[PDB]
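In C-alpha coordinates, one chain follows: the form solved without the ligand.
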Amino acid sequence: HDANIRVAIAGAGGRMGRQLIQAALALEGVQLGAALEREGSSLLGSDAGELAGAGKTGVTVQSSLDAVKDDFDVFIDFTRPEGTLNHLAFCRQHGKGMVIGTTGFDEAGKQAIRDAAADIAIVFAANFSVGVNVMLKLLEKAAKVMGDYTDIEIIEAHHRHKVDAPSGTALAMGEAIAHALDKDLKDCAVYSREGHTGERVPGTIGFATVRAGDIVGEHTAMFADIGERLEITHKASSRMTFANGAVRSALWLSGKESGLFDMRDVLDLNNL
(Lines give C-alpha, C1' and ligand atoms only; values in the text may rest on other atoms or scores of the structure.)
Protein backbone atom coordinates (compact mmCIF):
# COMPACT_ATOMS: atom_id res chain seq x y z
CA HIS A 1 0.00 0.00 0.00
CA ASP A 2 2.73 2.22 1.41
CA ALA A 3 1.41 3.61 4.70
CA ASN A 4 2.42 4.52 8.18
CA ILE A 5 2.76 0.84 9.16
CA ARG A 6 5.26 -1.58 7.71
CA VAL A 7 4.85 -5.31 7.24
CA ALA A 8 6.83 -8.41 6.69
CA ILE A 9 5.20 -11.63 5.70
CA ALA A 10 7.13 -14.76 6.31
CA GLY A 11 6.14 -17.93 4.46
CA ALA A 12 5.98 -15.76 1.26
CA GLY A 13 5.24 -18.46 -1.21
CA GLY A 14 2.91 -20.35 1.06
CA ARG A 15 -0.88 -20.76 0.88
CA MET A 16 -1.50 -17.89 3.22
CA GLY A 17 1.74 -16.04 2.37
CA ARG A 18 0.27 -15.38 -1.04
CA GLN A 19 -2.99 -13.90 0.34
CA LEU A 20 -1.36 -12.09 3.21
CA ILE A 21 0.40 -10.28 0.33
CA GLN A 22 -2.60 -9.06 -1.49
CA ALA A 23 -4.06 -8.10 1.76
CA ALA A 24 -1.13 -6.13 2.87
CA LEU A 25 -1.05 -4.66 -0.47
CA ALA A 26 -4.75 -3.77 -0.25
CA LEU A 27 -5.38 -2.41 3.32
CA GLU A 28 -5.01 1.37 3.80
CA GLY A 29 -2.33 2.38 6.32
CA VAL A 30 -0.29 -0.82 5.95
CA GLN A 31 2.53 -1.09 3.58
CA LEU A 32 4.35 -4.29 2.45
CA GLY A 33 7.63 -4.08 4.47
CA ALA A 34 9.40 -7.37 3.50
CA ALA A 35 8.60 -10.85 2.07
CA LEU A 36 10.55 -13.84 3.37
CA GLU A 37 11.04 -17.28 1.99
CA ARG A 38 12.89 -20.38 2.87
CA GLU A 39 16.56 -20.65 1.83
CA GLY A 40 16.10 -23.31 -0.77
CA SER A 41 13.62 -20.69 -2.10
CA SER A 42 13.22 -20.27 -5.85
CA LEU A 43 11.25 -17.07 -5.32
CA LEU A 44 14.21 -15.79 -3.52
CA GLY A 45 15.88 -12.48 -3.88
CA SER A 46 13.41 -11.57 -6.53
CA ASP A 47 9.86 -12.41 -7.46
CA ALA A 48 8.93 -9.45 -5.50
CA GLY A 49 5.29 -9.52 -4.38
CA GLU A 50 3.86 -10.92 -7.59
CA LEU A 51 2.06 -13.93 -6.14
CA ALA A 52 -0.65 -11.57 -5.16
CA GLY A 53 -0.65 -10.16 -8.75
CA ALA A 54 0.21 -6.37 -8.95
CA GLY A 55 3.18 -6.94 -11.12
CA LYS A 56 5.89 -5.13 -9.23
CA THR A 57 5.74 -3.80 -5.70
CA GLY A 58 9.26 -2.59 -4.92
CA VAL A 59 9.80 -5.16 -2.02
CA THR A 60 11.80 -8.33 -2.74
CA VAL A 61 11.73 -11.87 -1.50
CA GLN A 62 14.58 -12.42 0.97
CA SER A 63 15.84 -15.14 3.30
CA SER A 64 17.37 -13.24 6.25
CA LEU A 65 15.68 -11.47 9.07
CA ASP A 66 18.70 -9.23 9.59
CA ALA A 67 18.94 -8.85 5.81
CA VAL A 68 15.73 -6.85 6.22
CA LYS A 69 15.21 -6.38 9.74
CA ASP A 70 14.65 -2.71 9.18
CA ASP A 71 12.21 -2.88 6.28
CA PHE A 72 9.25 -3.71 8.44
CA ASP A 73 7.41 -2.79 11.60
CA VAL A 74 5.27 -5.78 12.31
CA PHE A 75 6.02 -9.34 11.57
CA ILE A 76 3.31 -11.51 10.09
CA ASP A 77 3.74 -15.31 10.60
CA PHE A 78 1.60 -18.16 9.17
CA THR A 79 4.34 -20.84 8.96
CA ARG A 80 5.16 -23.76 11.33
CA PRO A 81 5.85 -23.59 15.00
CA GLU A 82 9.52 -24.43 14.42
CA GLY A 83 9.75 -21.22 12.22
CA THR A 84 7.62 -19.42 14.61
CA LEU A 85 9.92 -19.85 17.55
CA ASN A 86 12.74 -18.67 15.24
CA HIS A 87 10.94 -15.55 14.21
CA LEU A 88 9.90 -15.09 17.72
CA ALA A 89 13.38 -14.63 19.24
CA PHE A 90 14.42 -12.22 16.59
CA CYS A 91 11.25 -10.20 16.99
CA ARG A 92 11.76 -9.96 20.74
CA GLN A 93 15.32 -8.93 20.07
CA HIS A 94 14.58 -6.00 17.86
CA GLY A 95 11.32 -5.05 19.63
CA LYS A 96 9.44 -6.23 16.52
CA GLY A 97 5.71 -6.71 17.16
CA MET A 98 4.26 -9.93 15.79
CA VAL A 99 1.10 -11.32 14.33
CA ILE A 100 0.96 -15.04 14.65
CA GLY A 101 -1.46 -17.29 12.96
CA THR A 102 0.64 -20.42 12.98
CA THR A 103 -1.03 -23.34 14.71
CA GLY A 104 0.13 -26.46 16.45
CA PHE A 105 2.38 -25.12 19.19
CA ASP A 106 2.79 -27.45 22.16
CA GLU A 107 2.64 -26.21 25.57
CA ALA A 108 6.35 -25.18 25.58
CA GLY A 109 5.48 -23.29 22.48
CA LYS A 110 2.68 -21.23 23.91
CA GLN A 111 4.61 -20.28 26.99
CA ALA A 112 7.28 -18.90 24.81
CA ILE A 113 4.85 -16.72 22.97
CA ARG A 114 3.42 -15.74 26.12
CA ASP A 115 6.81 -14.76 27.59
CA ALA A 116 8.02 -12.95 24.55
CA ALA A 117 4.97 -10.85 25.05
CA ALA A 118 6.47 -9.28 28.14
CA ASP A 119 8.67 -7.38 26.03
CA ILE A 120 6.92 -7.35 22.78
CA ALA A 121 3.38 -6.78 21.46
CA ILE A 122 1.97 -9.87 19.88
CA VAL A 123 -1.30 -10.82 18.30
CA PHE A 124 -1.76 -14.51 18.48
CA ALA A 125 -5.15 -16.15 17.49
CA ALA A 126 -6.55 -19.43 16.18
CA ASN A 127 -8.96 -17.74 13.87
CA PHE A 128 -8.23 -14.61 12.14
CA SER A 129 -11.59 -14.20 10.40
CA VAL A 130 -13.29 -10.99 11.41
CA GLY A 131 -16.67 -12.33 10.35
CA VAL A 132 -16.38 -15.40 12.58
CA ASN A 133 -15.34 -13.47 15.58
CA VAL A 134 -17.93 -10.73 15.16
CA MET A 135 -20.39 -13.52 14.65
CA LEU A 136 -19.40 -15.35 17.78
CA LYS A 137 -20.03 -12.07 19.70
CA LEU A 138 -23.51 -11.36 18.11
CA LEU A 139 -24.42 -14.97 18.93
CA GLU A 140 -24.25 -14.21 22.60
CA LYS A 141 -26.08 -11.02 22.30
CA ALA A 142 -28.91 -12.84 20.54
CA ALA A 143 -28.71 -15.71 22.94
CA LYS A 144 -29.28 -13.37 25.85
CA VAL A 145 -32.48 -12.03 24.48
CA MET A 146 -33.87 -15.03 22.72
CA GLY A 147 -31.94 -17.95 24.05
CA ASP A 148 -34.57 -18.77 26.44
CA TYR A 149 -37.62 -19.09 24.26
CA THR A 150 -36.16 -20.42 21.09
CA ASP A 151 -35.04 -23.60 19.54
CA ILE A 152 -31.33 -22.93 18.71
CA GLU A 153 -29.91 -25.04 15.84
CA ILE A 154 -26.48 -24.94 14.18
CA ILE A 155 -25.99 -25.94 10.59
CA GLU A 156 -22.49 -26.13 8.99
CA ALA A 157 -21.36 -27.10 5.56
CA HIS A 158 -17.75 -28.09 4.55
CA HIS A 159 -15.90 -29.70 1.69
CA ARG A 160 -15.74 -33.40 1.19
CA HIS A 161 -12.45 -33.74 2.91
CA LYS A 162 -13.30 -32.32 6.29
CA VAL A 163 -12.69 -35.14 8.68
CA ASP A 164 -14.46 -34.05 11.94
CA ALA A 165 -18.08 -33.28 12.52
CA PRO A 166 -19.04 -30.71 13.62
CA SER A 167 -16.40 -28.22 12.82
CA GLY A 168 -14.60 -26.29 15.54
CA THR A 169 -16.19 -23.09 14.48
CA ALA A 170 -19.58 -24.78 14.96
CA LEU A 171 -18.58 -26.05 18.28
CA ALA A 172 -17.35 -22.71 19.14
CA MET A 173 -20.77 -21.22 18.23
CA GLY A 174 -22.47 -23.84 20.45
CA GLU A 175 -20.23 -22.89 23.23
CA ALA A 176 -20.86 -19.16 23.05
CA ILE A 177 -24.54 -19.72 23.07
CA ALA A 178 -24.34 -22.19 25.84
CA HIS A 179 -22.32 -19.93 27.99
CA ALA A 180 -24.57 -16.96 27.34
CA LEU A 181 -27.26 -19.14 28.83
CA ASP A 182 -25.07 -20.27 31.74
CA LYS A 183 -25.40 -23.78 30.33
CA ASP A 184 -22.92 -26.38 29.23
CA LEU A 185 -22.84 -27.55 25.76
CA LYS A 186 -22.06 -31.01 26.96
CA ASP A 187 -25.56 -31.16 28.45
CA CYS A 188 -27.65 -30.22 25.51
CA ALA A 189 -25.85 -30.75 22.37
CA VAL A 190 -27.37 -33.05 19.86
CA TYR A 191 -25.14 -34.14 17.01
CA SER A 192 -27.32 -36.65 15.24
CA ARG A 193 -30.93 -37.31 14.33
CA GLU A 194 -31.67 -40.67 12.95
CA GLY A 195 -34.68 -42.85 13.14
CA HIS A 196 -37.45 -42.50 15.59
CA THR A 197 -36.72 -39.85 17.89
CA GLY A 198 -39.48 -38.12 19.87
CA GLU A 199 -40.18 -34.47 19.83
CA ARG A 200 -37.23 -32.14 20.25
CA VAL A 201 -36.25 -31.57 23.75
CA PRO A 202 -36.39 -28.06 24.95
CA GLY A 203 -33.20 -26.37 25.83
CA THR A 204 -31.31 -28.54 23.38
CA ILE A 205 -28.82 -27.29 20.86
CA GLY A 206 -28.79 -29.57 17.82
CA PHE A 207 -26.04 -29.77 15.14
CA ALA A 208 -26.61 -30.50 11.41
CA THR A 209 -23.59 -31.25 9.24
CA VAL A 210 -23.19 -30.98 5.51
CA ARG A 211 -20.04 -32.36 3.76
CA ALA A 212 -19.85 -31.77 0.03
CA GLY A 213 -17.58 -30.68 -2.83
CA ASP A 214 -15.26 -27.76 -2.31
CA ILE A 215 -17.26 -25.69 0.34
CA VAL A 216 -14.66 -23.56 2.15
CA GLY A 217 -16.90 -23.13 5.13
CA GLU A 218 -20.48 -22.17 6.02
CA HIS A 219 -21.97 -21.72 9.41
CA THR A 220 -25.47 -20.84 10.47
CA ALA A 221 -26.95 -20.52 13.92
CA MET A 222 -30.76 -20.37 13.97
CA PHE A 223 -32.99 -18.84 16.70
CA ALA A 224 -36.41 -20.33 15.94
CA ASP A 225 -39.65 -19.53 17.80
CA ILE A 226 -43.27 -20.04 16.83
CA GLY A 227 -43.89 -17.45 14.19
CA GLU A 228 -40.27 -16.51 13.32
CA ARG A 229 -36.57 -17.26 13.10
CA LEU A 230 -33.46 -15.26 13.37
CA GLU A 231 -30.40 -16.58 11.47
CA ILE A 232 -26.84 -15.47 11.66
CA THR A 233 -24.74 -17.03 9.00
CA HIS A 234 -21.05 -16.88 8.10
CA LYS A 235 -19.84 -17.93 4.70
CA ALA A 236 -16.13 -18.15 3.96
CA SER A 237 -15.21 -17.94 0.37
CA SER A 238 -11.51 -18.07 0.48
CA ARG A 239 -8.68 -18.00 2.84
CA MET A 240 -8.54 -14.30 2.23
CA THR A 241 -10.75 -14.05 5.29
CA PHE A 242 -7.81 -15.08 7.52
CA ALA A 243 -5.36 -12.83 5.73
CA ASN A 244 -7.52 -9.77 6.04
CA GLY A 245 -7.85 -10.17 9.78
CA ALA A 246 -4.11 -10.72 10.19
CA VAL A 247 -3.38 -7.50 8.45
CA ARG A 248 -5.97 -5.59 10.37
CA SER A 249 -4.35 -6.80 13.53
CA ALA A 250 -0.98 -5.74 12.12
CA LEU A 251 -2.38 -2.29 11.68
CA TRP A 252 -3.82 -2.41 15.19
CA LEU A 253 -0.53 -3.44 16.70
CA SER A 254 0.82 -0.14 15.55
CA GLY A 255 1.07 1.64 18.78
CA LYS A 256 1.12 -1.20 21.13
CA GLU A 257 4.05 -2.84 22.84
CA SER A 258 2.28 -4.57 25.49
CA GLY A 259 1.25 -8.05 25.94
CA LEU A 260 -0.70 -10.75 24.38
CA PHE A 261 -3.84 -9.91 22.46
CA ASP A 262 -6.38 -11.71 20.32
CA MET A 263 -8.93 -10.94 17.80
CA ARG A 264 -11.25 -9.84 20.63
CA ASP A 265 -8.62 -7.20 21.36
CA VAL A 266 -8.16 -6.12 17.87
CA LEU A 267 -11.85 -6.01 17.25
CA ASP A 268 -12.84 -4.43 20.64
CA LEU A 269 -15.35 -7.06 20.96
CA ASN A 270 -15.47 -6.57 24.54
CA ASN A 271 -17.06 -3.18 24.30
CA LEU A 272 -19.43 -4.08 21.58
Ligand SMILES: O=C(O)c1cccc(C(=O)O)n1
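So that there is no doubt, residue numbering starts at 1 and follows the sequence shown. Rigid core (definition): largest C-alpha set, two forms, superposition within 1.5 Å.
Unshown form solved in complex with the ligand; subsequent notes refer to it.
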Original post:
Which of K235, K69, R239, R229 has a heavy atom within 4.5 Å of the ligand in the entry with it bound?
Top reply: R239
Original post:
Pick from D184, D148, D106, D164: which has a non-hydrogen atom within 4.5 Å of the ligand in the entry with it bound?
Top reply: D164
**OP:** Establish, in the entry with it bound, whether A126, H159 and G168 all lie within 4.5 Å of the ligand, using non-hydrogen atoms for the distance.
**Re:** yes
Subject >> the ligand in the entry with it bound: contacting segment from 221 to 229, 25 to 33, 239 to 247, 201 to 209, heavy atom within 4.5 Å >> reply: 239 to 247
Subject >> Entry of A125, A117, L88, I154 that shows, once the rigid core is matched between the shown form and the other one, a C-alpha shift of 2 Å or more >> reply: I154
Original post:
Is there a C-alpha shift of 2 Å or more at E39 between the shown form and the other one once the rigid core is superposed?
Top reply: no
Original post:
Is it true that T197 shifts between the shown form and the other one by 2 Å or more at the Cα, once the core is aligned?
Top reply: yes
Subject >> Core-aligned CA displacement of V210 at least 2 Å between the shown form and the other one >> reply: yes
